[PDB]
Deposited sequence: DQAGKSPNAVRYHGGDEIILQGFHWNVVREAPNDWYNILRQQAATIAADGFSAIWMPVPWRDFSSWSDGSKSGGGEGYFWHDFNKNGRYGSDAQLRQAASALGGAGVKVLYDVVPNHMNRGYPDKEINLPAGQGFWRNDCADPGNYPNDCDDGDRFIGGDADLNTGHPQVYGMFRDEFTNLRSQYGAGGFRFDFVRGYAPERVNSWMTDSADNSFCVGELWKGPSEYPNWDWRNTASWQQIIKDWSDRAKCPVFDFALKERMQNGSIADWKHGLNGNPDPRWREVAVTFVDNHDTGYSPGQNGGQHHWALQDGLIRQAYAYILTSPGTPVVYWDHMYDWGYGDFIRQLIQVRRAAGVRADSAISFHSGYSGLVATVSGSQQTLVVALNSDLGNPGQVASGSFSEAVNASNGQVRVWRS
């Protein structure tokens, strides 16, 4: 495990990570209070599967509820107290210790934008009029106000002024706490549209400068004001700009949007297919998450922007063999049976020495997606839903079949 910063000081931790998203949306309903125990017991497996890092659920306790229903998942926490719906503080430490022990870094999901303000019994009480809240200032709309330099969450009445010295300080100390007592190797920043990118850089600088970080910025061009450059920019340029300011890798929503709206050939338009390595290397690719995808149980979870089952293998084949840093959804790996297939690809990625900044070229004369990836050990030829007949039609060298699945729809060759 190589550990540096990118040539632009982006905290990609050597560009060699392979992340497991360690939960699904309904864990709190399906394995109530038992999730950390399950992870502790799976640690050896996760490690054996080839993951270098795991994205843990929000550790901050959440006892919210709303009604079809939800609550307690962590995105509406009331405290920094770890005795929540995923398990106890003690179980968390054991889980973290087991994962860290098996060689898997622990990335914690953190939610700095808002908190369950109205929760009666909480350890954190910030009064109104004092400037701790967004709503302490005039709230025109879902736009920055003087009390909050980002967008608001729903109504914006739970929005924190993360720029308030005492609020900034509060998060900063919790981040240090997670690192010193909960074995945090990094953080996944939730709803980065809600506060300044610069703040993420400060928090990282202050608490875990050399760790891995990733921000989730899900906001399309049409969501910015008409006069904003972003209103007419590509998905790639919007997320790249955030990454440049936060100095953290960013979820590849450009690739997700093409997976959802374009054809397989169009997948070459995510951040990760960018010809500039300074662009590609900060991309954190995924297929689905707790939000966009399905989850076992209750109403199939959230499924806000789910990838159809007929493209699941193709999607994994693509992210596991290409530039950027890939993320595997718990469910595809461990619930739905794609595990064996994902394991082979992880092995293929590792054997070829594919990293965040590896070069990728797309070949125009065949159907589907055809790409050549220059891994540091080997060259891979990837043909998805293609008529390509032999790897030699697009690349020089001697190739062996590495993967052949879904009736030739997924094919990978190594040099």
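- Against the full deposited sequence, the model leaves out just one stretch, namely 68 to 70.
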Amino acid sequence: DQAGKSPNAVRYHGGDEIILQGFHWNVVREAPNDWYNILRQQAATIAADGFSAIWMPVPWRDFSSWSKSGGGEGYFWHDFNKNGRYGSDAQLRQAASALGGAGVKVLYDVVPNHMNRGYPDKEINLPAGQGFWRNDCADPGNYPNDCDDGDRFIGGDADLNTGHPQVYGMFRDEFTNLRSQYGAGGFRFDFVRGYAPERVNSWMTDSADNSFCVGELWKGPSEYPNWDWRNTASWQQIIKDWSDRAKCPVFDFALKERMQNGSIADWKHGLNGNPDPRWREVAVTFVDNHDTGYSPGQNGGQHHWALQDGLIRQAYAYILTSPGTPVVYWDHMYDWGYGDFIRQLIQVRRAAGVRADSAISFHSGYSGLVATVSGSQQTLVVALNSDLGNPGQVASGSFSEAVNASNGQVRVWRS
From here on, numbers count along this sequence of modelled residues.
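- According to the PDB record, 113 to 121 carries the higher mean C-alpha B-factor of the two stretches 113 to 121 and 182 to 190.
- Look at the mean CA B-factor for 351 to 359 and for 29 to 37 in the entry; the higher one is 29 to 37.
- Of the candidates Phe251, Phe212, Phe132, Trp336, the one whose C-alpha carries the top B factor in the deposited record is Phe132.
- Highest C-alpha temperature factor among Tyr329, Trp305, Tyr195, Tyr143, as the PDB entry reports it: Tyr143.
- Per the PDB record, residue ranking by Cα B-factor puts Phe76 in the middle third of the chain.
- When the modelled residues of the chain are ordered by their C-alpha B factor, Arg230 lands in the highest third.
- Per-chain ranking of the deposited C-alpha B factor places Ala43 in the highest third.
- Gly293: CA B factor lies in the lowest third for its chain, per the PDB record.
- When the CA B factors of the chain's modelled residues are split into thirds, the value for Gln236 lands in the middle one.
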